[PDB]
Structure formats: structure tokens, C-alpha cells
Amino acid sequence: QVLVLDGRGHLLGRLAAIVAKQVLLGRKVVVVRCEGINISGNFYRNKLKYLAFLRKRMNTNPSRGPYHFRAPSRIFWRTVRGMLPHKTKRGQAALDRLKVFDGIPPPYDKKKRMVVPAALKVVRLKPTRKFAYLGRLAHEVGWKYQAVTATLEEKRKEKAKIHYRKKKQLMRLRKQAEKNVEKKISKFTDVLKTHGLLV
Amino acid sequence: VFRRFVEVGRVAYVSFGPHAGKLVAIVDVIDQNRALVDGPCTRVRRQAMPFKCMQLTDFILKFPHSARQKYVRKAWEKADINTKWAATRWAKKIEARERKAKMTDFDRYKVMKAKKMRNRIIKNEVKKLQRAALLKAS
Amino acid sequence: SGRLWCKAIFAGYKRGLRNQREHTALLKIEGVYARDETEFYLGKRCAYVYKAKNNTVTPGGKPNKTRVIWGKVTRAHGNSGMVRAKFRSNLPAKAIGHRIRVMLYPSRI
Amino acid sequence: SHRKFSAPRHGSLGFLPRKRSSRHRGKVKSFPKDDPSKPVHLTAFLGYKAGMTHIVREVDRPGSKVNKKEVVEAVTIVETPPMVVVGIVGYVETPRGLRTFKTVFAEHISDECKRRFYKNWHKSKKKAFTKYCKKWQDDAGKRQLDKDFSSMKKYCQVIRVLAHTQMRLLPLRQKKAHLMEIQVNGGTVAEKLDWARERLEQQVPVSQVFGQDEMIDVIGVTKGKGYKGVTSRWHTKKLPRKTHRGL
Amino acid sequence: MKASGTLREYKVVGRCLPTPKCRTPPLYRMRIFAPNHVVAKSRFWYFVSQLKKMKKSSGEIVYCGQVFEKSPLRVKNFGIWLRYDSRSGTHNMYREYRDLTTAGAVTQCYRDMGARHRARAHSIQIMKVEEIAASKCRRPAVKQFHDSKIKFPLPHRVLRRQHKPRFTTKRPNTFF
Amino acid sequence: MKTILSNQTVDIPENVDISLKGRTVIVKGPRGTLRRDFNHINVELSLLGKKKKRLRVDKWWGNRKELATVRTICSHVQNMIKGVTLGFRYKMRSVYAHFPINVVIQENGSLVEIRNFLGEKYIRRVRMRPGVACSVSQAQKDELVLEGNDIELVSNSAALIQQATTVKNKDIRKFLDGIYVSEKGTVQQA
RNA sequence: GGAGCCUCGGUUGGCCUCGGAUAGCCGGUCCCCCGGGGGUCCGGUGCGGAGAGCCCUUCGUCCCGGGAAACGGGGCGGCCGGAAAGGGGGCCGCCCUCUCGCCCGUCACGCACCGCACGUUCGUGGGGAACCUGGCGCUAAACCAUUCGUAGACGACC
């Protein structure tokens, strides 16, 4: 019942709009891999667009002023916070159903990630525009853990290739098995074809 | 690189619109994003359909670029698209998507029990292939 | 020994932008995402099932702690999947985003 | 309107929340960035500010007016009795910072260090680390600590060591020692751990951590002066004599 | 004139009122392009009142009919002569298109002038729609379709139905 | 408008042996091997002809600015063919007036030392680009030849030392001192 | 590790994971080269080694037959793999256990509660009180007061 969303290749706003609706409808969502998110427009434009956000502090006391979070997960958590009525109870009750992370933590790397193609970069952009990786943008603003996550995410990659190689083999037999029991699943494969399941 | 070219006489499927699920042949290209199309032996009147609402296949049939329905029909039946089409892996998994869509509830039960026993013979067999895989490795 | 209702989330009331009419509830049923799919659900009896502290007598059973608010699907709402419902008591606002059941039994099949 | 003549602001905003420090003992904010090239060593020590005096020495900066002459420089004395390694802590590299992985201590801890784990030593029964002291006398515990060590060789990156001072050697009034994590910078993690495990329960003199004619940083707590007005904290101009409500 | 929907073409003829001074006035035929015949007969008076001294109070519509396409299944190269107004002065244009019906081309011309020059429908005066051959074409954007052996693929495909399986698992292929 | 098709073939001689994995092209021959990425240009790279004598790029439905990217591949891939069968030789002349530019190369043509530029005490130690091999030529006094394969490296490294020896806060018309690129050529003729 | 009494509630089959390209991919064969990667060839691609998907499927039983199972079904001890915010995941012996489990068929039975609602779950849920029963356990600290003066308006701090 837990939407696990992969941020690799998702546009920031188009994804945050879809996430914010589901969170408002009692759906517990986790947006994994926030550094793969990419904003439209060229990189130097987006950096300026974020540097002007760093310049808006309360003049008399910056300690109360707008908290410019630098981590990509908290940047994406910030833009979702914009699209929710976070002043009311149902808004604050919503945001607790949202949990964002950089990289893929242990409670989620062994689960299947979803993809929202209505917010996908390959879909929603003409293949001539430029886009800014949220990871690179956040690092050049103060996210001081880009190097760490780049190895922790790389670590769980090769730990997943092991599982995948042990999964193709775990089904290459299954393809080879039916070729070895063909005569005794013949009466169960024809019914699995006349009702459009194995054709 | 590209394999399917929008050119005169390529058979195409149809995604949406009132002509969905039928084949239709491209007579001539009108605009950048709209083509004149005609499936004579498919209950599709000659008309113009934009490229959004069509998925071009890998069938080609030759005829001049602005012939009338009389000549296309003789070129549709010469290459005999209909029989070849229904023998493709595309149309086979198209007529299998509708065989699951009209599945009655009792048919849904006959396919439940049929699936249950076919997931017990395959599963036990692959279990036999595992106790023999470390046997041949140890 | 199985579920006999469809899952439906109570989105909100029939509102404008600065007025909400609490005698009507917008329902989001799972799976249905177009007006042409709501034809099956028009008229179906829906139910918001909750549980409270005190005990309530139960039709055909012992006094439990669960209580319901019966309603019905009135007409299709919006252009994609949503639908209006009308309950015998205007739904409490603490049910926003919570699961309410729509049954099958007033069926037209 | 604008300010007539410019003038630089008083005080620094870098050291801004000028409050009573939340730590009596100086706390190393940052340690030197390690590299496997150098051999294993410590990076910090702990001392006590004794007093000050002069020094006469020969200046040897070619080019100065004072070159090859004698000067008198004020020098501080830092009494540094040798410190006792009593434990090692591991650290893993997280994307949320630097988390502490696993702590190991010594089989026997001096009562100086055990002073620190109590607020009232007179009333306490001095029961700290007793059952931990009985974890090195059991085959189910020696293999436990072997697990804790063999785990830090895999998952720990930064290994800091736990050392304490020797208040008995000092002339001071108090006897409660000072604990400190000291980042062991050196080779790889494994030899950083074998070296640290062997140094357990041993004294460490300053010659192991500092040489002479070297340049170091001092971390500590300012000599507290109490509640002070604006003139003492920031040194802003005293108002002219004629002011009614204070100057 | 709000260029709404697909336009149509109307042959509307009119004349002055019969008077004892002039027995029977001459007949005036036009070719109007309008959404419905009602706004066709209104747009008719707009032109005839500037090519003649006639107004609706001193004229009568004689025939308000719709003309259909002679060959709606043939692709044709249409030539349109415009009179649109910009923010500064009016201009004559000759725009070329490629469509199946003249009304299909006139509509296309109205969307294009609104798109390429931000001119609204009340500023444009279509004056001539002529069917020309492939050799008399001048605009290059239509000459490129003159090939008996035209051949071109479909490039990177903008995936539709991107909301029906809103939360997929697979990355959507764009190479068909 | 959008042009239906614009292509440009590139005939290659036999000494080269091109193979391409998708939209990146690798080129090899006598002098070494080259490899450039083009996953930013969105074209069709089709390698046609038996015994592979010509490579063609395509662009369907491209506007003006995309059609300007069709030939710049054909130019970029031709300079790979030069940098594999003939190589690149950038000649540079150190022109001075009063102070002889003492230039010495270290580590077999990978670092450039520039001393006594305009009579200064600074050494403009310039790091070359990997793949470039610099040297001073014999039978010519004030020369500096650059060799290598990739034109994007032999030229950019040249631009380093040509912009390392710049006069500041003077009249650059009077103070013509510095190193300048004098000849762009190939290592060997054919 | 046993039953009951309060209180807070929401839910009502699970999906155990390549990386990523998108003017390109995916799986096999390995005829192939260097210690896993490349190349090759054969297949698939409006993805069917498809989330438009998969898996599990629950009325309970009792005799008998057919297919499938024998390596299976269920159990007490050990062992390894696991650290970004770490499975009650898997391997071996074990006394017992069964041709029962699933699919086709028979035999008959299980309040057939007399047309009607909160039914069917996760559920030994969370929390808090009292009681059961045994075992294995465990016998501290903080604050005040006092003293200090590296501290201090009083608190605080050493």
C-alpha cells in the first residue's frame, strides 16, 4: 500500500504535483532517489533561481527566516510543501505520509520502485532543451554529502546486479522447465490460452 | 536507427478514434502531421487520419501514390494482408488481450484452477532442477 | 469469507472555491478514472464505517464498537473518475482521505 | 538618511551568539583530513594552562631588521601529563552525516576516568563498567569483542580513540579526569585499528603526538568575565558626559 | 467573425431592392467563409458595402447556400490571398497550404495567421482561394511534399495515454 | 518549417576502420584510436555500404538550428580521420623583442616551462592535455611543435600557452611579446 | 511464555529490488578476446522473460477412484550471509510426522436461523491498569543540602 517512487528522470514540479495529490488522499508515499530529479531549463538558470532563494532571509533575525534546505531530499520536500495546505491540520497530517530520501535506504532498495511517466523527463520535454540535475544543483549550493551518496548508491547498485543475475538464472530454468514437462501441463496450458493468458 | 518508414503503401494499425483496432493503408501524405489513408477490405472508408492515431507496421504493399480504392484493394488482396496479419505475434497478443477482457466469472474460475495446477508442476520441477544443480557442482 | 465492496476514498465535499456544501460528498473510487466508467456505480449504496468508544447495537449481532453512515452514489462528478455521494448524515470532516466502502447490492446487472 | 562618515562595524558577526559555552572542555570541531600515506598517529592532545613567562632566542629570518639578534617572546606553559587510552569508537559514513557505529572500552578503567561517569562520587556505589569489566573473562564475551572488532574493519571509516588525563599527577584541586575522542589519522582502517587496540590502557606522552618547532591550534574556553554592558562586550564609543539616562 | 470550428464555404448572392427608378438590380455573388450560414450572410454585407454602395436595409439576400468540396478525397495545394491588419498598417499576403477542402485550408490559414502574426479573425480579409498545381507553388514548406517516392519515419514519439497507467513500473519506450 | 530530411555522407578511406555503438563513434588506425560522444545531438548515424566506405548522418523534421548540427558531425568526424591517419602538428613561434623566451619541456612533452617572459621572475608552468606530446624543433630556434591525435586537445593545449603568455596593463600593440600559433598542419604528408 | 478488563484507532490478499538507454532497447548462444567485460550470432520490440503484469486464492468435511508428489508436508538444535535508517532471510542434522495437503471425479454430512446493515482482515494491533503461572534475573542513580570559584545578577556551570 506504499507508493515507492524513483526520482531518476522525473521533473521536479510535475512529480511534486502528482505526489501532493496522493498524499492528500491518505496514501503513504516515499520518493526515493531525489538527486536523480532534474529541473527544466539550463543549469546556470536554475542555480540563479535557487541562489536568489538563499538571499531571502529575515533581515532583523535570519534565525527565524526561511529555512533554505540544501539536501536534495529536503529541496523536493520543500516544493511539495508548497502545493499543500500546510497551515491546516489536514495539510500537516498529509506531509507525514510523505517520506523523501537521497539514495535508496535499506527499507526500500529491496522493494520495487514506481515510475510516474506523466512527470518523466523523456516524455515531457522536447529533446533539445537543457535540464539541471537536482543533485549537481544541490551540491553547488551546500549539500555536503554528494560524494558519500555517490558511493553508497553505487554500492547498492552492484549488490543489486548480483540479485538480478541470480534472478534471470532463477527463471531461465523456469523457461527450460516447461520444455521438460510439456506433456503434463498440456491440459493446463490450453485453458491458459483460450482465455488469453499464455498467447 | 529507423525501420518503419511512413511511405506510400505501408499498412498501419489504429490506436484511438472510431476506427481503432483495424488496419489501414497510407495512400499519400498530406501534411507534416496528417496523412491520407485507406483500408478498403477493413471497413475503413477512405479519409485522412493524423499520425497520432495510428501505429505503422512492417507490411508494405506497392501501388501509385494517388490511386483509387479499386487499385488498393487489388494490392491489399494480392499480398493478402489480413491472413498474414492475424498470424503475426502482434495480432496474436491483440486477440489475447480481448480474450481476457471478455472472460466470464465461471471462465475466471476455470482459469483459476487451471493456473493453480500449472504453478505446482512447474514449481516442483524447477525445485528438482536445483537439487541437481549443486549436485553437478559438488 | 471475502471482501464484498469496492474501495473508495472520500476526497471532499461539493465545494466551489470559497464555499463548500456539506450535504454532498465527492468520492474517488479506485480503478475508475473516467466519466464513462462511472455508469456502473450510479445508485450503488455506499457506507462510511468507523468505530467509536461506546457500544452500539448491531443488526444481527452483538453490540460492537463500529458504526456506519449509510449513503448512495447520486451522479457522476467531474470528467475523470470522481463521483458524488449523498449520505443520511453529512459526513464528518475527520473522514477526509479515509476509506469508505461502496457496495454492490443495488446493482443494475 | 545615510550615515555621514563611514565606520566599520564593532565586533564580529562570525562569533555571534556570545553565550556561556555549553562545554567546559574545548571540543575539536574538525580534525585533520587523513591520508593512508602517513603512518598512524594521533592528532590531538589535552593540557592545562599553567602560566606564562619570557624566552630569549636568536631570530633567523633573513631580511628583517631583527635578524640574527635576541628577542624576548611571551610564552605560555601547558602542563601535559600523559594520557591513558581507554577505548575506541567507530564511525560510518552516512548521507545524513557521520554516525557512531560501535564503542569498545578497556578491561580495566582507572578510578580517575570513572569519576567522570558520576555527578556525586560520595554517594554513588561506583558500579560503572563493572559488568563490562566482566566481559573479558568469558569465552562467550571474548568472541563477542572479536566480533565488535572484526565488524569495525568492514564498516567503519573514521576511528577515534578514547583517552583521559591524569588528574592525580596534576597539582589541581579536582580529581575527575577529562575524556576526549582523538581521531587516529594514518594508514588504512585495519592498521588504524590494530595500532589503536594495542595502545589500550597505555600512557601516551606528548612526544608521540607533537614534535618541536611545529605549529598547532589551540581550542579552549575564554576566561569568563560575567555580565557586561555594550562598552565591554563590543567596545562602542562612550557617549559624551552630558547624557541623561546613562552614557 | 470568430473563426470557431472548421469553417465552411457559402455562395451567397444578393441584390438591391427593386425600385421604379431601376427595374431589377444586378446580382452579386460572393464566396464567404464562415462557421455558420448566419454569420455568413452578415459577413456578406460587410464586403458588398465596401465594393458597392449597398447596405442590408437596401438589399436582399437571394440565396444562402453552402458549397461542398468537389473532391474531398484528393490532396490539393491551395493558394490564399490575404488582407490582414497588424498593429501598424495593413498588408497583402499570399499564403500557401496543402489540404483536402478549401474550407479546410481557409481554417488552416486562420489558425496560422493567429499563430504566426497574432492577428485575430476580425482583422483578416480572405480575397482569393485558388487551386494551383505542384509547379506553380512558391512556399518551400509545401513543395517538400512533392515526391512520388516520399519516405520518412516517425521520430521520437510523444507518448500519449501517459495518465491511464499513471503509476507504472517500466520506463516507457519511445522508439516504435 | 521543418525539413523532411537533410543528410550528409562522409566517405572514408580504407586505412580507417570505423565502428559505431549507437550515437557514439570510435575510430582507429595507424596513429592510434579516437572516440567521440554525440549523445547530445539527436541524429541518426547510419553506416552503409559493403566494405564500409561511407558514413552518413540524418536528421528528420529538423528546424534551422537543428539542421546546423548535421554537418558539424561530418566536420567533427573528419577531424577524427585526420587525427588517426595523419595526426595534427601545431607549430608555434615565440616572437619577442628584448627578452628571449626561454622555454623548456619536462616529462617527454607533457609539461611546459616558460621562464624569462618579458623579463619576469615568474615561471608559467603549463600542464598539457593528456594525449599531446610537445617539443622544441631542431633546425629552427624559436619554435614549439605540438603533436597528438585529437584536434580538440592539440589545439586547446596550444590555446593554453598562447593565453598563458599575455601582457597585462600595457599596450598590447607595442608589447607584441608572447607565443603565437603559426601553422596548423599534419604530422605526415600523403 | 497463560486468559480476561479498559483506552486509541485506522485498515479488510500479497509483489523479494538490474542498471539505464529513449534517433533505441531486451533475452539467449557463446563459434570469440583478455580475468568479469567486449565482440559476435540467433531470437523478441506498439514491450507477453508484458505492472495493460505476476503470485496466492479461503466454505468445512467424511469414504472411494484418476492425475500429480516421493527429492514431498510439518517440527528441535547449530551454522553462515546482513551496517545508509542492519531479515525473526536462507543452509544442515533431529525422535516424530504423511501419501492428508493441490487438480479432476464419487459418497454423504456440517442451525436449511425461514428475501435484508455495520459481515470477511491485518490481529497475540498500539497504549494503560490490575490480576495468572513458572523460570531466568537484577540490588542503582539524579536533585537538594554541603563545599569549591577556572563560574556567577539569581538560576546555571566547574
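Per the PDB record, the structure was determined using cryo-EM to 3.1 Å resolution.

S.K.: Tell me about the packing of helix α8 (residues 146-178) of chain A against helix α5 (residues 105-128) of chain B, residues and numbers included.
M.R.: The geometry of α8(A) relative to α5(B) is characterised by a closest axis approach of 9 Å and an angle of 115° between their N-to-C directions. In this structure, α8(A) crosses over α5(B), and the sense of that crossing is right-handed. Facing A:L173, A:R174, A:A177 and A:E178 of α8(A), the residues of α5(B) in contact are B:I122, B:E125 and B:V126. Residues that form the contact of α8(A) with α5(B) fall into these classes: 4 nonpolar, no polar and 3 charged.

S.K.: Could you give an account of the interface of chain B and chain E, naming the residues involved and the relevant values?
M.R.: Tallying the contact residues gives 21 residues for chain B and 17 residues for chain E. Regarding the contact of chain B and chain E, the summed buried area is about 1,900 Å², with carbon and sulfur atoms giving 66% of it. Taken as a group, B:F2, B:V6 and B:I30 account for 26% of the area that chain B buries against chain E, more than any other trio of residues on that side. Here chain B and chain E share 2 salt bridges between them. The shortest N-O distance in the salt bridge between B:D28 and E:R98 comes to 4.0 Å. When residues of the side of chain B that touches chain E are traced back to their parent elements, those giving at least two are β1 (5-7), β3 (24-29) and β4 (34-38) of chain B. Ranked by residues supplied to the side of chain B that touches chain E, first place goes to β1(B) with 3 residues. For the side of chain B that touches chain E, the residue count by class is 12 nonpolar, 2 polar and 7 charged. Strand direction decides the pairing type here: β1(B) and strand β8 (residues 151-153) of chain E, joined by 3 bridges, are antiparallel. The residue bridging B:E7 from the neighbouring strand is E:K151, located in β8(E).

S.K.: Outline the sheet that holds strand β4 (residues 98-100) of chain A, listing residues and values.
M.R.: Residue and element names in this part refer to chain A. Strand order in the open sheet made by the 3 strands is β1-β2-β4, with parallel pairing throughout. At either end of the open sheet lies a strand with only one pairing partner, and these are β1 (2-6) and β4. Across the sheet, the mean angle separating the axes of adjacent strands is 15° when strand polarity is ignored. Two strands pair when backbone bridges link them, and strand β2 (residues 28-32) and β4 are joined in this way by 3 bridges, in the parallel orientation. When the bridges of β4 are listed, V30 appears paired with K99. Packing against the sheet, helix α1 (residues 12-23) makes contact with β1, β2 and β4, and its axis sits at approximately 155° to β2. Across the sheet, helix α3 (residues 72-82) lies against β2 and β4, angled at about 150° from β4, the strand it touches most.

Cut-offs and rules
Residues numbered from 1 in each chain as written, not as in the entry; some residues may be left out. Chains lettered and ligands numbered in written order. Part of a larger assembly, values for the part shown. Heavy atoms only, no water. Axes fitted to C-alpha atoms, helices over the stretch in contact; angles between N-to-C directions. Helix = DSSP H or I, 4+ residues; strand = E, 2+ residues; numbered from the N terminus. Left-handed = near helix turned anticlockwise from the far one by under 90°. Contact = heavy atoms within 4.5 Å. Nonpolar A, V, L, I, M, F, W, Y, C, P; charged D, E, K, R; others polar. Buried area = accessible area lost by both parts, 1.4 Å probe. Salt bridge = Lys/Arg side-chain N within 4 Å of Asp/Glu carboxyl O. Pairing = 2+ DSSP bridges.

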